[PDB]
Structures are given as C-alpha cells and as structure tokens.
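Working notes, structure below.
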Amino acid sequence: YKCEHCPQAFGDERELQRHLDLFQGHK
Ligand SMILES: [Zn+2]
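This is the structure in structure tokens:
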C-alpha cells in the first residue's frame, strides 16, 4: 500500500512484499 520509509506508494501489496523480501534478502 503506502510505505513511509523509502518513498513508495503502490496499491499492490506485492510491491511492499518485494521491498521486505529484497530488503530482508541481504544477510
Ligand atoms: Zn519503504
């Protein structure tokens, strides 16, 4: 939906999911 952090705001939870996935992707 809306991300306060990195200026991101999409109406698709996949986007955030990708953010968390990629962000959490790194050790
Ligand atoms: Zn963010």
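Per full-length UniProt numbering, the sequence shown runs over residues 562 to 588.
Ideal placement from N, C-alpha and C gives every residue a C-beta, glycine not left out.
With a threshold of 7 Å, the Cβ atom of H566 counts as near ligand 1, since some heavy atom of the ligand is closer than that. Under the DSSP assignment, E576 falls in the alpha helix (DSSP H) whose first and last residues are 574-586.
The beta carbons of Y562 and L583 sit no closer together than 8 Å. In this structure, DSSP gives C564 an extended state, which the three-state scheme calls strand.
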